[PDB]
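Asker: My structure file my_file_27.txt, compact mmCIF, N, CA, C and O atoms (P, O5', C5', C4', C3', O3' and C1' of nucleotides), is below:
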```txt
# COMPACT_ATOMS: atom_id res chain seq x y z
N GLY A 1 9.77 -11.47 0.52
CA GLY A 1 9.36 -10.75 -0.69
C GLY A 1 10.26 -11.10 -1.81
O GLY A 1 11.37 -10.57 -1.81
N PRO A 2 10.00 -12.09 -2.72
CA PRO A 2 11.13 -12.45 -3.66
C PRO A 2 11.62 -11.37 -4.64
O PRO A 2 12.80 -11.46 -5.10
N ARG A 3 10.81 -10.38 -5.03
CA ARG A 3 10.96 -9.25 -5.94
C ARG A 3 9.90 -8.21 -5.76
O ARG A 3 9.07 -8.05 -6.66
N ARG A 4 9.94 -7.49 -4.65
CA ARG A 4 9.10 -6.26 -4.46
C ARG A 4 9.33 -5.16 -5.48
O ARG A 4 10.29 -5.27 -6.29
N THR A 5 8.40 -4.15 -5.49
CA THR A 5 8.43 -3.01 -6.34
C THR A 5 8.79 -3.26 -7.79
O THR A 5 9.50 -2.53 -8.49
N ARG A 6 8.04 -4.30 -8.30
CA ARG A 6 7.81 -4.71 -9.67
C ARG A 6 7.07 -3.64 -10.50
O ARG A 6 6.60 -3.93 -11.64
N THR A 7 6.93 -2.47 -9.93
CA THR A 7 6.20 -1.32 -10.42
C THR A 7 6.73 -0.12 -9.61
O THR A 7 7.27 -0.17 -8.50
N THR A 8 6.56 0.95 -10.28
CA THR A 8 6.75 2.29 -9.72
C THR A 8 5.70 3.25 -10.31
O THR A 8 5.66 3.39 -11.53
N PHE A 9 4.84 3.84 -9.47
CA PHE A 9 3.82 4.85 -9.74
C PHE A 9 4.45 6.16 -10.16
O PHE A 9 5.65 6.50 -9.99
N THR A 10 3.45 6.89 -10.70
CA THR A 10 3.52 8.30 -11.01
C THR A 10 2.22 8.94 -10.72
O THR A 10 1.25 8.26 -10.45
N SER A 11 2.14 10.26 -10.80
CA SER A 11 0.90 11.07 -10.80
C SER A 11 -0.23 10.59 -11.76
O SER A 11 -1.38 10.68 -11.36
N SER A 12 0.09 9.93 -12.94
CA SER A 12 -0.82 9.35 -13.88
C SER A 12 -1.50 8.07 -13.30
O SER A 12 -2.70 7.93 -13.44
N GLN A 13 -0.73 7.20 -12.60
CA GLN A 13 -1.36 6.11 -11.85
C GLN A 13 -2.18 6.56 -10.67
O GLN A 13 -3.35 6.06 -10.55
N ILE A 14 -1.69 7.50 -9.88
CA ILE A 14 -2.55 8.10 -8.85
C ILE A 14 -3.75 8.80 -9.48
O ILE A 14 -4.85 8.75 -8.86
N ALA A 15 -3.68 9.37 -10.66
CA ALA A 15 -4.84 10.01 -11.31
C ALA A 15 -5.98 9.03 -11.76
O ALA A 15 -7.17 9.21 -11.49
N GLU A 16 -5.54 7.92 -12.32
CA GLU A 16 -6.44 6.75 -12.58
C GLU A 16 -7.01 6.09 -11.42
O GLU A 16 -8.21 5.97 -11.31
N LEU A 17 -6.15 5.70 -10.49
CA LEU A 17 -6.45 4.98 -9.29
C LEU A 17 -7.54 5.64 -8.46
O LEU A 17 -8.52 4.97 -8.11
N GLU A 18 -7.30 6.91 -8.17
CA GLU A 18 -8.30 7.80 -7.52
C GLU A 18 -9.63 8.03 -8.33
O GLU A 18 -10.72 7.90 -7.76
N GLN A 19 -9.60 8.27 -9.61
CA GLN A 19 -10.81 8.53 -10.44
C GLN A 19 -11.56 7.29 -10.65
O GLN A 19 -12.76 7.41 -10.77
N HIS A 20 -11.01 6.10 -10.84
CA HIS A 20 -11.86 4.85 -10.86
C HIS A 20 -12.26 4.29 -9.50
O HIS A 20 -13.41 3.87 -9.37
N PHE A 21 -11.46 4.60 -8.46
CA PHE A 21 -11.84 4.45 -7.08
C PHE A 21 -13.14 5.10 -6.68
O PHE A 21 -13.97 4.48 -6.07
N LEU A 22 -13.34 6.32 -7.21
CA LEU A 22 -14.54 7.09 -6.84
C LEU A 22 -15.81 6.28 -7.16
O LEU A 22 -16.80 6.36 -6.40
N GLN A 23 -15.81 5.51 -8.27
CA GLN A 23 -16.87 4.68 -8.69
C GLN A 23 -17.08 3.39 -7.93
O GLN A 23 -18.16 2.91 -7.82
N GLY A 24 -16.00 2.87 -7.26
CA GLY A 24 -16.08 1.73 -6.28
C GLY A 24 -14.93 1.82 -5.28
O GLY A 24 -13.81 1.42 -5.56
N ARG A 25 -15.18 2.44 -4.10
CA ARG A 25 -14.24 2.80 -3.01
C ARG A 25 -13.63 1.57 -2.25
O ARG A 25 -12.81 1.74 -1.35
N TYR A 26 -14.05 0.40 -2.59
CA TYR A 26 -13.59 -0.94 -2.08
C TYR A 26 -13.28 -1.81 -3.28
O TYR A 26 -14.01 -1.75 -4.30
N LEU A 27 -12.25 -2.66 -3.29
CA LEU A 27 -11.97 -3.58 -4.32
C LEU A 27 -12.72 -4.93 -4.22
O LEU A 27 -13.01 -5.59 -3.21
N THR A 28 -12.92 -5.36 -5.44
CA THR A 28 -13.33 -6.71 -5.94
C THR A 28 -12.56 -6.98 -7.20
O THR A 28 -12.01 -6.07 -7.86
N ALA A 29 -12.62 -8.22 -7.66
CA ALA A 29 -12.05 -8.71 -8.92
C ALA A 29 -12.38 -7.74 -10.13
O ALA A 29 -11.36 -7.25 -10.70
N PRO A 30 -13.65 -7.38 -10.38
CA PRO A 30 -14.05 -6.45 -11.43
C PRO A 30 -13.48 -5.05 -11.28
O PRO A 30 -13.11 -4.45 -12.33
N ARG A 31 -13.39 -4.53 -10.06
CA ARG A 31 -12.79 -3.15 -9.81
C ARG A 31 -11.27 -3.12 -10.15
O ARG A 31 -10.77 -2.28 -10.90
N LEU A 32 -10.60 -4.13 -9.60
CA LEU A 32 -9.20 -4.53 -9.76
C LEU A 32 -8.91 -4.86 -11.26
O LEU A 32 -7.95 -4.33 -11.80
N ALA A 33 -9.73 -5.62 -12.04
CA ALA A 33 -9.46 -5.89 -13.51
C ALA A 33 -9.55 -4.63 -14.40
O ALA A 33 -8.71 -4.36 -15.24
N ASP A 34 -10.62 -3.90 -14.21
CA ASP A 34 -10.85 -2.60 -14.84
C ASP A 34 -9.77 -1.53 -14.63
O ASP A 34 -9.28 -0.94 -15.61
N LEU A 35 -9.29 -1.35 -13.42
CA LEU A 35 -8.17 -0.46 -13.12
C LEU A 35 -6.85 -0.96 -13.68
O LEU A 35 -5.98 -0.21 -14.14
N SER A 36 -6.67 -2.32 -13.68
CA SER A 36 -5.42 -2.96 -14.21
C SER A 36 -5.26 -2.65 -15.72
O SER A 36 -4.17 -2.54 -16.26
N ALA A 37 -6.35 -2.74 -16.46
CA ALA A 37 -6.34 -2.41 -17.90
C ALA A 37 -6.07 -0.88 -18.10
O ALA A 37 -5.32 -0.52 -19.05
N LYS A 38 -6.64 -0.03 -17.32
CA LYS A 38 -6.58 1.41 -17.53
C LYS A 38 -5.28 2.08 -17.07
O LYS A 38 -4.74 2.93 -17.78
N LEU A 39 -4.81 1.70 -15.88
CA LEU A 39 -3.51 2.16 -15.34
C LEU A 39 -2.39 1.55 -16.19
O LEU A 39 -1.31 2.09 -16.34
N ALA A 40 -2.69 0.38 -16.81
CA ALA A 40 -1.69 -0.51 -17.35
C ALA A 40 -0.68 -1.13 -16.33
O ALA A 40 0.57 -1.17 -16.56
N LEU A 41 -1.23 -1.60 -15.18
CA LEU A 41 -0.54 -2.18 -13.98
C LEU A 41 -1.18 -3.46 -13.71
O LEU A 41 -2.42 -3.58 -13.86
N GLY A 42 -0.53 -4.44 -13.08
CA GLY A 42 -1.14 -5.69 -12.50
C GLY A 42 -2.32 -5.44 -11.52
O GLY A 42 -2.28 -4.59 -10.61
N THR A 43 -3.13 -6.46 -11.42
CA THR A 43 -4.27 -6.48 -10.44
C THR A 43 -3.81 -6.51 -8.99
O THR A 43 -4.56 -6.01 -8.10
N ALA A 44 -2.61 -6.97 -8.69
CA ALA A 44 -2.05 -6.92 -7.33
C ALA A 44 -1.63 -5.50 -6.79
O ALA A 44 -1.78 -5.19 -5.62
N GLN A 45 -1.06 -4.70 -7.68
CA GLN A 45 -0.83 -3.35 -7.34
C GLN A 45 -2.13 -2.60 -7.02
O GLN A 45 -2.04 -1.84 -6.06
N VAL A 46 -3.33 -2.86 -7.64
CA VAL A 46 -4.53 -2.08 -7.34
C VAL A 46 -4.96 -2.27 -5.94
O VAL A 46 -5.01 -1.24 -5.26
N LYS A 47 -5.08 -3.53 -5.45
CA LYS A 47 -5.24 -3.87 -4.04
C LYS A 47 -4.25 -3.10 -3.19
O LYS A 47 -4.66 -2.45 -2.26
N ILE A 48 -2.96 -3.17 -3.49
CA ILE A 48 -1.91 -2.65 -2.64
C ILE A 48 -2.09 -1.12 -2.62
O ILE A 48 -1.68 -0.53 -1.61
N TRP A 49 -2.54 -0.46 -3.65
CA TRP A 49 -2.85 0.93 -3.56
C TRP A 49 -4.05 1.27 -2.70
O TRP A 49 -3.90 2.16 -1.88
N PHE A 50 -5.17 0.61 -2.85
CA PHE A 50 -6.40 0.86 -1.99
C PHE A 50 -6.17 0.73 -0.49
O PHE A 50 -6.57 1.50 0.33
N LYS A 51 -5.37 -0.28 -0.18
CA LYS A 51 -4.80 -0.58 1.19
C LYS A 51 -3.93 0.53 1.64
O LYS A 51 -4.22 1.07 2.65
N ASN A 52 -2.87 0.89 0.89
CA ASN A 52 -1.99 2.05 1.21
C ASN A 52 -2.87 3.33 1.33
O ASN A 52 -2.49 4.15 2.19
N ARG A 53 -3.93 3.57 0.48
CA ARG A 53 -4.72 4.82 0.57
C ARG A 53 -5.43 4.84 1.89
O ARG A 53 -5.26 5.88 2.60
N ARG A 54 -6.18 3.82 2.34
CA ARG A 54 -6.81 3.85 3.66
C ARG A 54 -5.87 4.14 4.79
O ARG A 54 -6.08 4.95 5.68
N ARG A 55 -4.68 3.48 4.77
CA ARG A 55 -3.59 3.62 5.83
C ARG A 55 -3.18 5.11 5.87
O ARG A 55 -3.25 5.75 6.93
N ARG A 56 -2.91 5.71 4.72
CA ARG A 56 -2.49 7.21 4.59
C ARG A 56 -3.60 8.12 5.11
O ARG A 56 -3.29 9.06 5.85
N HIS A 57 -4.84 7.85 4.83
CA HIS A 57 -5.94 8.58 5.35
C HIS A 57 -6.04 8.49 6.87
O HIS A 57 -5.89 9.54 7.52
N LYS A 58 -6.19 7.28 7.39
CA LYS A 58 -6.38 7.14 8.80
C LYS A 58 -5.13 7.46 9.69
O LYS A 58 -5.34 7.86 10.85
N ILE A 59 -3.91 7.36 9.14
CA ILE A 59 -2.66 7.84 9.78
C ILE A 59 -2.72 9.32 9.98
O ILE A 59 -2.39 9.80 11.11
N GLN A 60 -2.98 10.05 8.87
CA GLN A 60 -2.99 11.49 8.96
C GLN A 60 -4.16 12.02 9.83
O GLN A 60 -3.94 13.03 10.55
N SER A 61 -5.28 11.35 9.99
CA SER A 61 -6.38 11.77 10.80
C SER A 61 -6.07 11.42 12.23
O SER A 61 -6.37 12.21 13.11
N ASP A 62 -5.41 10.27 12.54
CA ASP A 62 -5.11 9.93 13.92
C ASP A 62 -4.13 10.93 14.56
O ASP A 62 -4.31 11.29 15.74
N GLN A 63 -3.12 11.41 13.82
CA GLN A 63 -2.28 12.53 14.14
C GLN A 63 -2.96 13.90 14.36
O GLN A 63 -2.26 14.88 14.69
N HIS A 64 -4.25 13.91 14.17
CA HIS A 64 -5.23 15.03 14.38
C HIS A 64 -6.47 14.63 15.15
O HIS A 64 -7.53 15.22 14.96
N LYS A 65 -6.28 13.66 16.06
CA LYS A 65 -7.34 13.37 17.02
C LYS A 65 -7.77 14.57 17.86
O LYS A 65 -6.95 15.44 18.26
N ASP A 66 -9.02 14.58 18.15
CA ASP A 66 -9.64 15.46 19.17
C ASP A 66 -10.40 14.76 20.24
O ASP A 66 -10.47 13.54 20.23
N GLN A 67 -11.03 15.50 21.14
CA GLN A 67 -11.84 14.98 22.23
C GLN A 67 -12.87 16.13 22.68
O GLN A 67 -12.72 17.32 22.26
N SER A 68 -13.86 15.70 23.45
CA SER A 68 -14.95 16.49 24.00
C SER A 68 -15.34 15.98 25.44
O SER A 68 -15.63 14.81 25.58
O5' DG B 1 25.67 0.32 4.06
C5' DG B 1 26.33 1.48 4.62
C4' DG B 1 25.44 2.65 5.06
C3' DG B 1 24.10 2.37 5.85
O3' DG B 1 23.78 3.45 6.65
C1' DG B 1 23.58 3.48 3.74
P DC B 2 22.79 3.40 7.88
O5' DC B 2 21.76 4.58 7.41
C5' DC B 2 22.34 5.91 7.24
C4' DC B 2 21.30 6.94 6.73
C3' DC B 2 19.90 6.88 7.39
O3' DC B 2 19.44 8.22 7.54
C1' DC B 2 19.89 6.63 4.88
P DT B 3 18.00 8.66 8.14
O5' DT B 3 17.16 8.64 6.75
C5' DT B 3 17.52 9.62 5.76
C4' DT B 3 16.59 9.52 4.54
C3' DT B 3 15.09 9.47 4.91
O3' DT B 3 14.41 10.32 4.09
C1' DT B 3 15.74 7.66 3.42
P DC B 4 12.87 10.56 4.26
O5' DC B 4 12.24 9.70 3.07
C5' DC B 4 12.34 10.18 1.76
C4' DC B 4 11.62 9.35 0.68
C3' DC B 4 10.15 9.14 0.97
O3' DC B 4 9.39 9.13 -0.25
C1' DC B 4 11.16 7.05 0.89
P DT B 5 7.77 9.26 -0.22
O5' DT B 5 7.26 7.78 -0.01
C5' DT B 5 7.48 6.75 -1.05
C4' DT B 5 6.94 5.42 -0.51
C3' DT B 5 5.64 5.47 0.22
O3' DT B 5 4.68 4.56 -0.25
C1' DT B 5 7.17 4.06 1.37
P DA B 6 3.60 4.98 -1.30
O5' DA B 6 3.53 3.92 -2.55
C5' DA B 6 4.70 3.68 -3.27
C4' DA B 6 5.19 2.26 -3.34
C3' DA B 6 4.01 1.31 -3.70
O3' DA B 6 4.45 0.32 -4.57
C1' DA B 6 4.97 0.66 -1.66
P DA B 7 3.48 -0.72 -5.29
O5' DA B 7 3.78 -1.99 -4.35
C5' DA B 7 5.06 -2.60 -4.56
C4' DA B 7 5.44 -3.42 -3.34
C3' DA B 7 4.69 -4.75 -3.07
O3' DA B 7 5.63 -5.83 -3.15
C1' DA B 7 5.05 -3.59 -1.04
P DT B 8 5.31 -7.45 -3.15
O5' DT B 8 5.44 -7.90 -1.67
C5' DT B 8 6.66 -7.97 -0.98
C4' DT B 8 6.63 -8.45 0.50
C3' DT B 8 5.87 -9.71 0.73
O3' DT B 8 6.81 -10.70 1.33
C1' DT B 8 5.27 -8.00 2.25
P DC B 9 6.32 -12.14 1.46
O5' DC B 9 5.78 -12.42 2.94
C5' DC B 9 6.68 -12.55 4.02
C4' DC B 9 5.97 -12.50 5.35
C3' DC B 9 4.99 -13.70 5.57
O3' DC B 9 5.05 -14.25 6.88
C1' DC B 9 3.81 -11.62 5.81
P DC B 10 4.20 -15.56 7.27
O5' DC B 10 3.01 -15.10 8.22
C5' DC B 10 3.26 -14.88 9.59
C4' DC B 10 2.08 -14.21 10.26
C3' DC B 10 0.74 -14.89 10.54
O3' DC B 10 0.44 -15.03 11.87
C1' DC B 10 0.38 -12.83 9.37
P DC B 11 -0.89 -15.70 12.46
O5' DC B 11 -1.98 -14.54 12.54
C5' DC B 11 -1.77 -13.40 13.32
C4' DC B 11 -2.90 -12.39 13.14
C3' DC B 11 -4.37 -12.83 13.37
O3' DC B 11 -5.02 -11.90 14.26
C1' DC B 11 -4.21 -11.73 11.31
P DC B 12 -6.49 -12.03 14.84
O5' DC B 12 -7.41 -11.14 13.87
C5' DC B 12 -7.33 -9.74 13.90
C4' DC B 12 -8.59 -9.03 13.30
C3' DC B 12 -9.92 -9.69 13.77
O3' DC B 12 -10.80 -8.61 13.95
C1' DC B 12 -9.61 -9.89 11.40
P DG B 13 -12.22 -8.70 14.79
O5' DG B 13 -13.16 -9.15 13.55
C5' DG B 13 -13.60 -8.19 12.58
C4' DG B 13 -14.25 -8.85 11.36
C3' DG B 13 -15.28 -9.94 11.82
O3' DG B 13 -16.54 -9.78 11.16
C1' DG B 13 -13.85 -10.63 10.20
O5' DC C 1 -11.19 -14.98 -3.09
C5' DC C 1 -12.15 -13.92 -2.90
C4' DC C 1 -11.53 -12.71 -2.13
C3' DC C 1 -10.20 -12.08 -2.47
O3' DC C 1 -10.36 -10.90 -3.20
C1' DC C 1 -10.75 -12.20 -0.04
P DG C 2 -9.26 -9.83 -3.72
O5' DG C 2 -9.34 -8.62 -2.70
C5' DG C 2 -10.51 -7.86 -2.67
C4' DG C 2 -10.59 -7.05 -1.30
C3' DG C 2 -9.55 -5.94 -1.12
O3' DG C 2 -10.18 -4.90 -0.38
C1' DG C 2 -9.43 -7.46 0.66
P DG C 3 -9.54 -3.47 -0.17
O5' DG C 3 -9.55 -3.14 1.47
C5' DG C 3 -10.68 -3.35 2.26
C4' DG C 3 -10.42 -3.31 3.81
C3' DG C 3 -9.43 -2.24 4.30
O3' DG C 3 -9.93 -1.91 5.55
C1' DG C 3 -8.57 -4.36 4.84
P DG C 4 -9.21 -0.93 6.59
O5' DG C 4 -7.79 -1.54 6.97
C5' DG C 4 -7.68 -2.33 8.12
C4' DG C 4 -6.27 -2.84 8.34
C3' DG C 4 -5.21 -1.78 8.06
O3' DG C 4 -4.33 -1.57 9.14
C1' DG C 4 -4.56 -3.73 7.04
P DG C 5 -4.67 -0.82 10.45
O5' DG C 5 -3.63 -1.61 11.49
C5' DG C 5 -4.02 -2.62 12.31
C4' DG C 5 -2.80 -3.23 12.95
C3' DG C 5 -1.63 -2.28 13.32
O3' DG C 5 -1.11 -2.79 14.62
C1' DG C 5 -0.93 -3.58 11.63
P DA C 6 0.05 -2.03 15.43
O5' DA C 6 1.39 -2.54 14.73
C5' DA C 6 1.73 -3.91 14.77
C4' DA C 6 2.99 -4.29 14.01
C3' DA C 6 4.22 -3.36 14.13
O3' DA C 6 5.32 -4.20 14.38
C1' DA C 6 3.71 -3.69 11.85
P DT C 7 6.84 -3.59 14.44
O5' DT C 7 7.28 -4.20 13.02
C5' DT C 7 7.46 -5.58 12.75
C4' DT C 7 7.96 -5.83 11.33
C3' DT C 7 9.42 -5.43 11.12
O3' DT C 7 9.99 -6.59 10.72
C1' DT C 7 7.95 -4.57 9.39
P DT C 8 11.61 -6.64 10.27
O5' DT C 8 11.44 -6.55 8.62
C5' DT C 8 10.63 -7.57 8.04
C4' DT C 8 10.63 -7.61 6.55
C3' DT C 8 12.08 -7.62 5.99
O3' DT C 8 12.09 -8.38 4.83
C1' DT C 8 10.80 -5.79 5.14
P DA C 9 13.41 -8.85 4.02
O5' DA C 9 13.43 -7.83 2.75
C5' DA C 9 12.56 -7.90 1.68
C4' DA C 9 12.68 -6.80 0.65
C3' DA C 9 14.13 -6.54 0.19
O3' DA C 9 14.03 -6.02 -1.16
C1' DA C 9 13.28 -4.72 1.23
P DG C 10 15.30 -6.25 -2.14
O5' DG C 10 15.25 -5.30 -3.37
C5' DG C 10 14.10 -5.48 -4.26
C4' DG C 10 13.42 -4.21 -4.81
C3' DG C 10 14.52 -3.39 -5.51
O3' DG C 10 13.87 -2.66 -6.61
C1' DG C 10 13.95 -2.18 -3.61
P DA C 11 14.56 -1.84 -7.71
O5' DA C 11 14.07 -0.39 -7.26
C5' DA C 11 12.78 0.11 -7.48
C4' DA C 11 12.65 1.68 -7.32
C3' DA C 11 13.55 2.60 -8.13
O3' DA C 11 12.82 3.81 -8.37
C1' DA C 11 14.06 2.76 -5.79
P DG C 12 13.38 4.92 -9.41
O5' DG C 12 14.15 5.88 -8.45
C5' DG C 12 13.43 6.72 -7.64
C4' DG C 12 14.20 7.52 -6.63
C3' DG C 12 15.29 8.49 -7.12
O3' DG C 12 15.07 9.83 -6.63
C1' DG C 12 16.00 7.13 -5.14
P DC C 13 15.83 11.11 -7.17
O5' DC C 13 16.90 11.44 -5.96
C5' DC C 13 16.31 11.81 -4.70
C4' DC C 13 17.29 11.83 -3.49
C3' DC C 13 18.52 12.69 -3.82
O3' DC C 13 18.68 13.75 -3.04
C1' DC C 13 19.09 10.57 -2.81
```
Could you show the structure in this file as structure tokens?

Answerer:
Amino acid sequence: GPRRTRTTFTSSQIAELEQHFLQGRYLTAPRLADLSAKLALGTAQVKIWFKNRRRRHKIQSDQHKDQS
DNA sequence: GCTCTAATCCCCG
DNA sequence: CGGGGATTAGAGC
């Protein structure tokens, strides 16, 4: 990683990220360009957030597995 | 340095 | 090409 954490989030980036996510729950170039302009963050951080969001979701649900 | 955890390097499909 | 499993490495305490 030659220079990780070239960015640091806040509640305002999570507020954008989540509200433009709702309109396209998977990334593409257009989803990623549009969020990059609005958050005022690189297109690489948008990917890295969508990825981190799925991991946080499915981690917390696996810790709450059930059975029948 | 431990801790927080978003970011990093290889794989899945 | 992004999801993403498992681990690395910078921001904060």

Asker: Grab the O5' of residue 12 (chain B) to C1' of residue 2 (chain C) distance for me, in Å with one decimal place.

Answerer: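 Answer for the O5' of residue 12 (chain B) to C1' of residue 2 (chain C) separation: 13.9 Å.
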
Asker: Just to confirm, what's the straight-line distance from CA of residue 63 (chain A) to CA of residue 15 (chain A) in Å (one decimal)?

Answerer: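 If I compute the distance from CA of residue 63 (chain A) to CA of residue 15 (chain A), I get 25.7 Å.
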
Asker: Provide as a ChimeraX atom specification the residues of chain C at most 6 Å from chain A, counting only N, CA, C and O atoms (P, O5', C5', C4', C3', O3' and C1' of nucleotides).

Answerer: /C:1-3,8-11

Asker: Return as a ChimeraX atom specification the residues belonging to chain B that are within 10 Å of chain A, counting only C-alpha atoms (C1' of nucleotides).

Answerer: /B:5-9

Asker: One decimal, in Å: what's the spacing between atom O of residue 40 (chain A) and CA of residue 20 (chain A)?

Answerer: 14.9 Å

Asker: Where in chain A does DSSP assign alpha helix (DSSP H), given as a ChimeraX atom specification?

Answerer: /A:11-21,29-39,43-62

Asker: So that all listed atoms of region 6-9 of chain C fit with 6 Å spare on each side, what axis-aligned box centre and edge lengths in Å, to one decimal, would you give as AutoDock Vina command-line options?

Answerer:
```
--center_x 7.1 --center_y -5.4 --center_z 7.1 --size_x 26.1 --size_y 18.8 --size_z 28.6
```

Asker: For residue 38 (chain A), find every residue with an atom within 8 Å (counting all atoms listed in the file), except residues of its own chain fewer than 4 positions away, and show them as an MDAnalysis selection string.

Answerer: chainID A and resid 12:13 16:17 31:34
